[PDB]
Structure formats: C-alpha cells, structure tokens
C-alpha cells in the first residue's frame, strides 16, 4: 500500500518503457482523486495507464449513448463506481413500489453494461449504509434499503459468474474491515463530492490495480513459509515437536491454528506452498509428521527446504524447482532480518512486513490482498 502522495508523484514518472492500458472511469461521486490514484498505482505496477474520466455523474448517460465519448475512447478496462451513498438518496426519494425495484433496476443496468461487450468491466460493489429507518426490522421489509442492498450485492455476484468480462471489486468486504467511519469523510464529501477518505483512496486504487494486473497475467502463485514463530509458536529445535504452540484452547496457539487454516485454503485453491526454514530438516518435518494439532501436513507442502544456509539461496532453489517467477512468490517470516535480506537479495519476491504479534498476522495480511486472481 502507498500513500496518495506517492501515487500522485508516480503519475509524473517516465512511462516510456511500460505497456499501455486504456482505462475508463465513470462514477456518481467526484472521481478526480480516484483517477489519479488508479493511474499512479498502475504505473507503480508497471503499466502505462491512459485514464479517461467521465464527467461528474454521467455513468448511465455515457453507457446508454453509443456515440458517447466513452465508446469513442475504446477502453481496455471500464471501472464503474456507483456509490452506496448515491443509491441511498435515489431510494429515499421514491415510493414503496419503486423502492421494491431498486436492486432489480440497478441489476438491469449492470446486465445492459455487460451485454455491450466493451473490454473488461470492474465494478465496485456496495458497502452497507444501515439507515436505521426500521432498525434491524429492515430485514423483514422488502422495500427497505437494507433489504434491497443485500439482494443487490448477492445478485451482483451471480452476474460476475455469468459474464466472464465482468469483475467485481469487493469494496463491501474491504469496508467491512476498516469501517465506514474510516472510509468516508463527511466534511470532505459535503464540500467536494469526494466519497472516499484520503487514507481510503490508496486502498481502493491498490485493490483495483490488483484486478487489472491479475487479468493481464500478473498474480501470485506461491507462498513460502518460515516455520518457527511463523506457522507455530516457539522454536522447534529448543522446545521439541510436542511443545510448539498450535491448537485450540486459550492463548497464542489458537492464532497459529487459524493462520494455518488460511494457508490451507490457499493450498486448496492451487497456491503452491513451500517451506524455507533455518533448521535441521528432520526436526523441522517432525511436527508435520507427529503433532496431531497441525493443520498443515507434509502433503500440503510442495517443496520443503530446511537447512542452515541463507534463505536467499534457498529461495532460488525453490524457484528453480517450481519454474515460476520470483515475482509470483510471497515469503512470510517473523524475523525482520530474514525478511530484509530476502528483500534485498531476491528482488521480485513479495515480503510482507508482518507485525510482531502473531495474533495480528492474519488481519494484516488481509490488508495486502496478496492472492488476487483472474481464473478458477
């Protein structure tokens, strides 16, 4: 993640070398900063982004008019930003008959957009704004904003499964973590029509570019794990295989269990898992083999490297074994010196700056969206 300042600075960089992509952005709130952020983020991801911005609140206007500037632009990607905030206003101004059709009408427009067949579409879904008009009782009232929005987000996912060209960017899931209190800045919105806060902007640009990059064929394929204090608490060489911290019951071992469960999901979706550890190989494998509380087993690990050599060399060994790019690899290690040396000595490998407390690893990894993809 970058700051908006860094993203804007990047838009000034020399773009000659980079492959060009034409990106259209159309929204119902003010999009000028988001445009800058997307363009700069793309450049930092090695794309020369030519970004066309529709005029304020002309989404339907541009898409509905075949002679419009939008179609003349012939974009490679079309990013649509329909905000929950503006949909909330739309809903509030109509009677129950039209409110009952809020989701359906929006879904119709989305399908119409998909049917045009114009490059790939990236579409932000809708974080819930609970209006508390009914309280929680809103779930029982079809015409309520809460019901319509829940229906809308569900059917949007079904649209993405029907149209290979249509990608959602999960603004809703992103916002669920940070909260609207952080994502939305009322004072700025009132005076500028900008709906995302300054600190939210780089989060959304990064998540938008993650999708574009994945479609272009740049996505992570492999996760490399340290062992001690990364996937279990403690040091196996000193404490023994029976004594590593993992499993339910109170305390940090539970965090390692839940973290291993995340790794298990990656393996189950085709991510290659490798181990790279400063350990005797026999000792390093023992917990996988003997400790029943391990979630990960040896058969989940494609390449297992445990020795006393520097991890940079070991990662080259792993890369050569797998024949995938260093830039398709993620390396997780609790030791800052190990992280820093892999960063310096194996450029291309992504090395997340894990927080010191293992109880915070997973929520931190969530902020990085490491495993965006574009195929099942």
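Numbering follows the first chain given and starts at 1.
Higher-B stretch (mean Cα B-factor, as the entry records it), 103-111 or 121-129: Mean C-alpha B-factor is greater for 103-111.
Mean Cα B-factor comparison, 260-268 or 69-77, giving the higher one as deposited: Comparing averages over the C-alpha atoms only gives 69-77.
Among 26, 342, 330, 35 - the residue whose C-alpha B-factor is largest in the record: 342 has the highest C-alpha B-factor of those listed.
Options 205, 181, 116, 139 - largest CA temperature factor per the record: Reading the PDB entry, the winner on C-alpha B-factor is 116.
Third of the chain, ranked by Cα B-factor, where residue 89 sits: Ranked within chain, residue 89 CA B lands in the lowest tercile.
Cα B factor band for residue 174 (lowest, middle or highest third within the chain): Lowest third, going by the recorded CA B-factors of the chain.
Where the record places residue 83 (Cα B-factor, split into thirds across the chain): As the PDB entry reports it, the C-alpha B-factor of residue 83 lands in the lowest third of its chain.
Within-chain third of residue 362 by Cα B-factor, per the entry: According to the entry, residue 362 has a C-alpha B-factor in the chain's lowest third.
Residue 354 CA temperature factor, ranked by third within the chain: Residue 354: CA B-factor falls in the middle third of its chain.
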